[PDB]
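Only one structure is covered here, and it is reproduced in the block below.
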Number of protein chains: 2
Amino acid sequence: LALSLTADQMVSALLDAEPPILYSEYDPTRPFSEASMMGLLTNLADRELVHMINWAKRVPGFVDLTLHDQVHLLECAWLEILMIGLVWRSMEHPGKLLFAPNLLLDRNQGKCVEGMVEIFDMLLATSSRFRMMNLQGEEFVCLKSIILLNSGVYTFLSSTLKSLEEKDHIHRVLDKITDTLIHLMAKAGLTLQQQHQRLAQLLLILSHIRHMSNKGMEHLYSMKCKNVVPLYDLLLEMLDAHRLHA
Amino acid sequence: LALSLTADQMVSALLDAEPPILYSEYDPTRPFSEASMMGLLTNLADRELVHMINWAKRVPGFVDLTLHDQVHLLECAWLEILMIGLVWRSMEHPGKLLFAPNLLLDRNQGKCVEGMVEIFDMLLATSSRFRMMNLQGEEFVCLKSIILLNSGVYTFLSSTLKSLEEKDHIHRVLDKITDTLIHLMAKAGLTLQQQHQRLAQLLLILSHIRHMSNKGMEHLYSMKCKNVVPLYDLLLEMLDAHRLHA
Ligand SMILES: Oc1ccc2c(c1)CC[C@H](c1ccccc1)[C@@H]2c1ccc(OCCN2CCCC2)cc1
Ligand SMILES: Oc1ccc2c(c1)CC[C@H](c1ccccc1)[C@@H]2c1ccc(OCCN2CCCC2)cc1
């Protein structure tokens with residue numbers, strides 16, 4: 001039961017749920033001139049999405065939702081989630097984006113079309129902002145979970161009784177995550193004022209993350225495959241697990 | 001001095017700053033068939049922007065910024081600000097959007113191209129959400145001010161000393177607005193837990209507002225004039241006031 005966790009248990013569950021850090025797939029003994037940067041990043045992102053499913057299923061309360069609802073939330077959120085992870089791992093790399101341990105790019109490497117130089121700079125500024133806030137790992141996992149639960153919660157196109165229950169559940173969990181962030185902050189010695197202030201600062205950054213995702217989606221839709229499985233459909237298949245591998 | 005206001009003085013200043021509610025301009029004795037819905041809404045939005053300048057100049061701390069910074073924040077925020085106002089005035093109109101007192105549209109009226117039916121539904125859901133939260137007028141003016149100050153704050157493309165001071169000032173004001181929201185909430189009788197929870201719920205809605213603005217921008221850019229003054233430029237002229245009308 002997600003609504004029964006204590007703050008410590010919420011944090012411990014998020015921390016234990018973290019996905020791995022993957023590597024970009026390229027021949028390191030090959031000229032950099034030769035790689036397609038978008039190809040690299042597309043390959044990486046696509047591998048990260050499988051692990052994002054496994055992560056999401058471990059976010060307390062997520063699998064209490066309907067399959068359809070779980071797909072919708074991921075369909076709305078996945079790009080924000082890739083981005084907040086990128087920005088987290090880039091904190092200790094001022095001026096650079098740590099896409100993977102073997103793929104650290106500066107803004108000059110974002111310029112090869114099109115494109116990214118816009119998104120690049122925005123991602124770097126957000127990384128800068130987290131650096132300046134001394135964002136902690138325990139706060140980061142709360143925020144990534146909040147994105148998962150929140151990004152899609154006002155675009156469910158139903159007001160069925162089931163859909164009211166789904167939303168109410170999501171709002172309860174999100175409330176629990178707010179309580180957890182506040183707890184982390186009191187435990188770190190912050191005054192109540194600084195607690196409310198820092199909570200607000202962190203949530204306000206999620207709106208820049210939304211922006212960045214929308215801008216990035218604009219680029220990705222402007223380059224979309226034709227006779228392909230819709231994302232909803234890829235998401236649904238990865239989420240719609242059997243229990244034969246128990 | 002904005003940083004010296006009490007919570008009561010912040011609220012009183014925001015409340016006193018509210019823009020007027022304008023009317024759509026059309027011949028009411030003329031078939032509805034004949035109006036261009038986008039034409040109506042474009043005309044209205046453009047009139048509202050002048051008043052948004054006057055509003056913004058009254059948001060404590062805003063005119064302490066540089067002219068360039070004030071233009072940037074408005075350039076990033078203006079569509080979110082029109083939208084949050086729309087959603088506020090639509091609360092008491094379930095299923096309808098109160099663009100103006102003489103222009104209340106349901107989702108079926110959003111369908112005449114293209115387009116809006118997407119944006120329409122999103123705006124209605126946000127209105128629904130505020131209704132369900134019993135959003136208060138005093139909270140609404142805090143949130144609209146937060147959008148003004150926050151939407152553009154991580155896309156200033158400078159790290160000059162002046163630009164560090166600008167950002168620090170913005171963050172201080174935003175902090176003051178957080179304190180004010182918390183104050184409103186304690187004064188309304190909410191427990192501390194409910195205070196943190198409600199603060200987080202309200203700020204999380206700002207990310208849906210960002211989304212909606214981005215989607216709406218996508219539509220507006222897909223219909224842009226050629227030999228026209230850039231928005232930055234229109235904004236700069238309206239903001240770059242003389243003091244000859246004292
Ligand atoms: O950790 C990460 C790995 C890769 C990335 C990011 C984080 C941040 C956004 C990047 C981006 C750059 C330019 C334009 C848009 C986004 C890029 C990235 C590249 C490609 C992506 O998408 C490819 C399409 N793919 C098919 C279904 C799932 C997505 C996603 C993200
Ligand atoms: O209270 C309001 C008045 C009008 C509106 C809104 C709020 C919410 C967004 C609406 C919208 C509908 C469809 C697509 C996009 C947005 C529309 C609106 C229409 C047109 C707009 O922009 C016209 C361009 N104009 C030139 C410089 C300033 C903007 C803005 C908003």
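What follows is calculated from the coordinates using simple rules that are stated; it is not laboratory data. Note that we place each Cβ from the backbone using ideal geometry, even for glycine, and neighbour counts take in every protein chain shown.
Summary of computed values
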quantity	calculated
Region B:1-17 versus region A:99-133: alpha-carbon centroid distance in Å	38 Å
Net charge of Cβ neighbours under 14 Å - reference B:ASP121; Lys, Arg +1; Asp, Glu -1	+2
Modelled FRET efficiency - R0 45 Å, B:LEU161 with B:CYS112, Cβ distances, 0.05 increments	0.30
Likely footprinting exposure, B:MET238, A:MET122, fewest C-beta neighbours within 10 Å first	B:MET238, A:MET122
Using θ = phi - 60° and Karplus 6.51 cos²θ - 1.76 cosθ + 1.60, couplings along region A:176-181 (whole Hz; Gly, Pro as x)	4, 6, 4, 3, 4, 5
Distant-in-sequence amide H partners of B:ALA100 (H built 1.01 Å from N, under 5 Å)	none
Span from the region A:31-71 Cα centroid across to the region A:171-246 one, whole angstrom	12 Å
Rounded FRET efficiency, nearest 0.05, which uses the C-beta distance separating B:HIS242 from A:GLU25 and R0 of 51 Å	0.25
Label point distance in nm, B:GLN193-A:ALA188, each placed 7 Å from Cα along Cα→Cβ	2.3 nm
Average beta carbon contacts from partner chains per residue of B:173-181, 10 Å cutoff	3
Average Cα contact separation per residue, chain A, under 8 Å, 6 or more apart, as relative contact order %	28 percent
Net charge over other residues, Cβ less than 11 angstrom from the Cβ of A:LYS111 (K, R count +1; D, E count -1)	-3
Copy-to-copy label separations for B:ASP64, where each label sits 7 Å from Cα toward Cβ, in nm and ascending	4.3
Spatially proximal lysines relative to B:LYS111 (Cα-Cα < 17 Å; intrachain offsets below 8 disregarded)	B:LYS96, B:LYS215
Teacher prompt: B:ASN227 distances to equivalent labels in other copies, 7 Å Cα→Cβ, nm	4.8
Ordering of B:225-235, A:200-210 by burial proxy (mean other Cβ atoms within 10 Å per residue, highest first)	A:200-210, B:225-235
Projected-area mean, the protein assembly as shown, by convex hull of Cα positions, square nanometres	27.3 nm²
Derived scalar couplings ³J(HN,Hα) [region B:139-150; Karplus, 6.51 cos²θ - 1.76 cosθ + 1.60; whole Hz; x for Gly, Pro]	5, 4, 5, 4, 4, 4, 6, 5, 4, 3, 6, 8
Gyration tensor over alpha-carbon atoms, chain A, equivalent ellipsoid semi-axes in Å	30, 24, 17
10 Å Cβ neighbours from other chains, averaged over peptide A:122-128	2
Virtual spin-label span in nm between A:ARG172 and B:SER33, 7 Å along Cα→Cβ	5.3 nm
Sum of side-chain charges, A:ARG210 neighbourhood, beta-carbon under 12 Å (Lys, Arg +1; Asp, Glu -1)	+1
Burial ordering of B:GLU165, A:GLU34, fewest other beta-carbon atoms within 10 Å first	A:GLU34, B:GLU165
Vicinal HN-Hα couplings computed from phi for region B:29-46 (Karplus, 6.51 cos²θ - 1.76 cosθ + 1.60; Hz; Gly/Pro x)	8, 8, x, 4, 2, 7, 6, 8, 4, 5, x, 3, 6, 4, 5, 5, 3, 5
Partner chain coverage, peptide B:208-216 - average Cβ within 10 angstrom	5
For B:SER33, label point 7 Å along C-beta direction: distances to other copies, nm	6.8
Taking A:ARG129, B:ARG131, B:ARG30 and counting other C-beta atoms within 10 Å, the order from fewest to most	B:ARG30, B:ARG131, A:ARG129
